[PDB]
Amino acid sequence: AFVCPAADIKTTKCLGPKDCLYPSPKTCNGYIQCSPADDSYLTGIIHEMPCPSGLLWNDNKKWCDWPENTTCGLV
Amino acid sequence: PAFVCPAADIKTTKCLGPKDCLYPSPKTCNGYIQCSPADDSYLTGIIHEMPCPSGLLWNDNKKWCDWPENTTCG
């Protein structure tokens, strides 16, 4: 499986828009967001999030983006 | 008009979840606002004016940047 890396939750509290966002090792048509479990900010909960149809993850900008801009290498 | 992040949304969710504390931007359809708790009272928010990708528009129904046909803008 995948779990949330605790270091990111502890260090950032995922407060910034681009914090705690990651590529999905399972698809280019989505991503993973880690949410802090609670306001102790010690561990994270995994959310497998989709991109809109036709958009791919662009990890440079941590968003769903036009396919030409993708950072995803999965085939 | 100047935006204020809704206190009730911050207080109730602490903006923890993926779809929490996201709103339309009054400045553009090609973007949105994401609020982050400003302090440990969780009643006020820092405003992050976020763009959408080229040509795409906010869809407040799904709280994401989406194809223009699915917009809520206006």
# chains A, B, ... in the order shown; residues from 1 in each chain; ligands from 1
$ residues_around --residues "residue 28 of chain B" --least-positions-apart "6" --cutoff "12 Å" --atoms "only C-alpha atoms" --output "ChimeraX atom specification"
/B:49-52,55-58,72-74
$ interface_residues --of "chain A" --to "chain B" --cutoff "8 Å" --atoms "only C-alpha atoms" --output "list in words"
residues 15, 16, 17, 33, 35, 36, 37, 38, 39, 47, 52, 64, 65 and 66 of chain A
$ select_by_dssp --residues "chain A" --states "helix (DSSP H, G or I)" --output "list in words"
residues 6, 7, 8, 9, 10, 11, 12, 67, 68 and 69 of chain A
$ write_last_selection --atoms "N, CA, C and O atoms" --output "PDB file, in the first residue's frame"
ATOM      1  N   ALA A   6       4.705  11.056   7.407  1.00  0.00           N
ATOM      2  CA  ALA A   6       4.431  11.876   8.569  1.00  0.00           C
ATOM      3  C   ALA A   6       5.270  13.139   8.605  1.00  0.00           C
ATOM      4  O   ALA A   6       4.870  14.129   9.202  1.00  0.00           O
ATOM      5  N   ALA A   7       6.470  13.091   8.034  1.00  0.00           N
ATOM      6  CA  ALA A   7       7.346  14.230   8.085  1.00  0.00           C
ATOM      7  C   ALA A   7       6.668  15.446   7.461  1.00  0.00           C
ATOM      8  O   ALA A   7       6.819  16.561   7.942  1.00  0.00           O
ATOM      9  N   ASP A   8       5.942  15.239   6.365  1.00  0.00           N
ATOM     10  CA  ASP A   8       5.313  16.370   5.694  1.00  0.00           C
ATOM     11  C   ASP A   8       4.165  16.986   6.535  1.00  0.00           C
ATOM     12  O   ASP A   8       3.975  18.204   6.575  1.00  0.00           O
ATOM     13  N   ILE A   9       3.400  16.127   7.181  1.00  0.00           N
ATOM     14  CA  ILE A   9       2.310  16.576   8.045  1.00  0.00           C
ATOM     15  C   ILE A   9       2.876  17.337   9.213  1.00  0.00           C
ATOM     16  O   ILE A   9       2.387  18.394   9.559  1.00  0.00           O
ATOM     17  N   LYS A  10       3.918  16.802   9.842  1.00  0.00           N
ATOM     18  CA  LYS A  10       4.482  17.477  11.016  1.00  0.00           C
ATOM     19  C   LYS A  10       5.141  18.796  10.688  1.00  0.00           C
ATOM     20  O   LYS A  10       5.044  19.734  11.448  1.00  0.00           O
ATOM     21  N   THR A  11       5.826  18.870   9.553  1.00  0.00           N
ATOM     22  CA  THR A  11       6.616  20.012   9.215  1.00  0.00           C
ATOM     23  C   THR A  11       5.778  21.163   8.656  1.00  0.00           C
ATOM     24  O   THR A  11       6.082  22.314   8.907  1.00  0.00           O
ATOM     25  N   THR A  12       4.732  20.836   7.904  1.00  0.00           N
ATOM     26  CA  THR A  12       3.914  21.845   7.167  1.00  0.00           C
ATOM     27  C   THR A  12       2.504  22.006   7.704  1.00  0.00           C
ATOM     28  O   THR A  12       1.878  23.044   7.442  1.00  0.00           O
ATOM     29  N   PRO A  67      -2.217  17.353 -20.784  1.00  0.00           N
ATOM     30  CA  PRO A  67      -1.303  16.213 -20.937  1.00  0.00           C
ATOM     31  C   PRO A  67       0.103  16.543 -21.377  1.00  0.00           C
ATOM     32  O   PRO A  67       1.037  15.860 -20.959  1.00  0.00           O
ATOM     33  N   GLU A  68       0.274  17.584 -22.174  1.00  0.00           N
ATOM     34  CA  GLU A  68       1.589  17.935 -22.672  1.00  0.00           C
ATOM     35  C   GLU A  68       2.519  18.384 -21.560  1.00  0.00           C
ATOM     36  O   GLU A  68       3.728  18.418 -21.747  1.00  0.00           O
ATOM     37  N   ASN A  69       1.913  18.806 -20.447  1.00  0.00           N
ATOM     38  CA  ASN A  69       2.685  19.242 -19.294  1.00  0.00           C
ATOM     39  C   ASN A  69       2.898  18.198 -18.215  1.00  0.00           C
ATOM     40  O   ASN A  69       3.402  18.532 -17.094  1.00  0.00           O
TER      41      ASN A  69
END
$ atom_distance --atom1 "atom CA of residue 69 of chain B" --atom2 "atom CA of residue 55 of chain A"
15.0 Å
$ atom_distance --atom1 "atom CA of residue 62 of chain A" --atom2 "atom CA of residue 46 of chain A"
16.1 Å
$ select_by_dssp --residues "chain B" --states "strand (DSSP E)" --output "list in words"
residues 22, 23, 24, 31, 32, 33, 34, 35, 36, 37, 45, 46, 47, 48, 49, 50, 51, 57, 58, 59, 64, 65 and 66 of chain B
$ closest_residue --among "A:75, A:57, A:5, A:45" --to "residue 24 of chain A" --atoms "only C-alpha atoms"
A:57
$ atom_distance --atom1 "atom CA of residue 26 of chain A" --atom2 "atom CA of residue 61 of chain B"
26.3 Å
$ residues_around --residues "residue 72 of chain A" --least-positions-apart "5" --cutoff "8 Å" --atoms "only C-alpha atoms" --output "list in words"
residues 23, 28, 56, 57, 58 and 59 of chain A
$ residues_around --residues "residue 27 of chain B" --least-positions-apart "4" --cutoff "9 Å" --atoms "only C-alpha atoms" --output "PyMOL selection string"
chain B and resi 1+31-32+49
